[PDB]
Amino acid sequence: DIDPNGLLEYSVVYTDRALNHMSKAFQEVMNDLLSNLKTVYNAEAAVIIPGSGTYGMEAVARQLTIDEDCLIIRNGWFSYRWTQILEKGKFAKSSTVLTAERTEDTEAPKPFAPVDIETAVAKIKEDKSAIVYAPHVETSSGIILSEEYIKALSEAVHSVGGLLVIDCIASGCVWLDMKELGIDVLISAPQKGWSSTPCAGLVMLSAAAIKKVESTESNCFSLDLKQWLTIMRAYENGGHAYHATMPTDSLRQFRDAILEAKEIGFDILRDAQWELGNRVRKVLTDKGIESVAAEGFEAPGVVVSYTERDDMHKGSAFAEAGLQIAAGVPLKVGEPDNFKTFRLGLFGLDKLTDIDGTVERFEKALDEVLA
């Protein structure tokens, strides 16, 4: 079942129930993962860090921000996460946080937009930021940064000798080409857009990023980004290496999910992601439910809306109608005290290959909730 053409398992790292990282079968998995990930994101290297997306975030911070000044575009809870990483660690020299702003300050609920690009750009040059962190899609607010916004951040941080880190964990199938946009570190995970089991943080790197990872030293043995890149390279060179045990069978499932997506069509999936998001957003606005993300910054894979109902906000009402949603969470952007929301994720090959059904099932549920 597991490694049928392989060797009898007498290593100190596995039993016959798990795929051995030294097997020919896992070597092929790693080579398929690394090549496909580089191609999709246009990256020079792809690093797989056991754990989750957060651990990838932490590996990147700990490798590249030791005694550095950084700037963070905070659009909600998961870009606040950069602050939580840096505050617990106390390893960075400094941190500038540019928070999202409401489009108007009234009692009634107003959507949020990221800090305007001119101000972000100016501040990065004033700061001489070694590293800039920004979420492509912020999961708490449904805010998506445009390709041109990201590019502007890239050029600004490059002009002062720094690198751009983009968190694409909630991007879904909205693929970013790193060289076109000038992104140096791109972070993903297998469980949202890629439709597999959770197991690892994914860190893709540009040439400039690889160069800086090689000339820096991490302060965390387990999450050492340079050491995990060394492991990746042993597989790229036709062999294997060990630092800490990799989630081998879960990574093989991820490789299969990548190829399933590939056979469908990455561009078809990109357009599908947008179609679904727009159609779901329309259903909500049609029922008078307003978006927490301002016009022009509305993410397709995550839709966050305002509510005044606790059973909508905590998700219980949708659960009664047979749907699992995500409870609203704070933004940590100075949002008002009455801030109350609910969240929907529209990730996955099965949703994207049946857009009509995914919308219809959401509609019936929303109708039952509002009835």
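One-based numbering along the sequence shown.
Asks: Pick between 168-176 and 108-116: the one whose mean CA B-factor in the entry is higher.
Replies: According to the entry, 108-116 carries the higher average C-alpha B-factor.
Asks: Give the stretch, out of 259-267 and 98-106, with the larger mean C-alpha temperature factor in the deposited entry.
Replies: According to the entry, 98-106 carries the higher average C-alpha B-factor.
Asks: Pull the Cα B-factor of residue 65 out of the PDB entry and bin it into the chain's lowest, middle or highest third.
Replies: Its C-alpha B-factor, which the entry lists for residue 65, ranks in the lowest third among residues of this chain.
Asks: Among the chain's modelled residues, which third holds the C-alpha B-factor of residue 331?
Replies: It falls in the middle third of the chain.
Asks: Should residue 36 be placed in the lowest, middle or highest third of its chain by the C-alpha B factor in the entry?
Replies: Residue 36: CA B-factor falls in the highest third of its chain.
Asks: Relative to the other modelled residues of the same chain, rank the CA B-factor of residue 83 and answer lowest, middle or highest third.
Replies: For residue 83, the deposited C-alpha B-factor lands in the lowest third.
Asks: C-alpha B factor of residue 151, ranked within the chain: lowest, middle or highest third?
Replies: Its C-alpha B-factor belongs to the middle third of this chain's values.
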